[PDB]
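Laid out below as structure tokens are two forms of one and the same protein chain, each shown alone and named structure 1 and structure 2.
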Structure 1
């Protein structure tokens, strides 16, 4: 399935992902696209921050959902 990520400049990227993908798996994909290490990413969906050990489906993230990338400011 396709999802969207809104990046640090408010651009929208598209990733191919599976419902069973964990949030750390999604971070890694964002790293390849955006050059932001996973321990420096916060991922927001529908206004809430997502935990690393959960799947996308655990959060009811579906086809064409949008995640928001936010840069950690205080360090890894």
Structure 2
């Protein structure tokens, strides 16, 4: 299954997942492709933050759906 993640304004990346993958699993695929540590990643679909323990299915994320990546960073 293919999904899309928005990153920079106007840029997206493509991922290869299955309906049963967990969110923590998807953040690990984002790491391997874009180099962003999982704990810095916050994923949004349909207006809600995704919980690390659910899977794409629980959020009804289907083929060609689009997620939005947000960076959660520690203040200095």
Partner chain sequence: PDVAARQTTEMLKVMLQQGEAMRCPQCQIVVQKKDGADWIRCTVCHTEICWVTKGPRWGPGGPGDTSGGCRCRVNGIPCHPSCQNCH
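By rigid core we mean the largest C-alpha set that fits within 1.5 Å across both forms. Residues that one form lacks are left out of the comparison. Positions refer to the first chain, counted from 1.
Two copies of the same chain, shown separately. Which of them is the form solved in complex with the partner chain?
The form solved in complex with the partner chain is the one given as structure 2; the other form is structure 1.
Establish whether a shift of 2 Å or more occurs at the C-alpha of residue 10 between structure 1 and structure 2, with the two forms superposed on the rigid core.
Yes, shifts by 2 Å or more.
What is the magnitude, in angstrom, of the C-alpha shift at residue 42 between structure 1 and structure 2 when the rigid core serves as the superposition reference?
Its C-alpha moves by 0.4 Å once the cores are overlaid.
What does the CA of residue 33 shift by between structure 1 and structure 2 after fitting on the core? Give it in Å to one decimal.
Here the C-alpha difference is 1.3 Å.
Looking only at residues in both forms, which consecutive runs of at least three have C-alphas displaced 2 Å or more between structure 1 and structure 2 after fitting the rigid core?
After superposing the rigid core, the shifted stretches between structure 1 and structure 2 are 8 to 10, 73 to 76.
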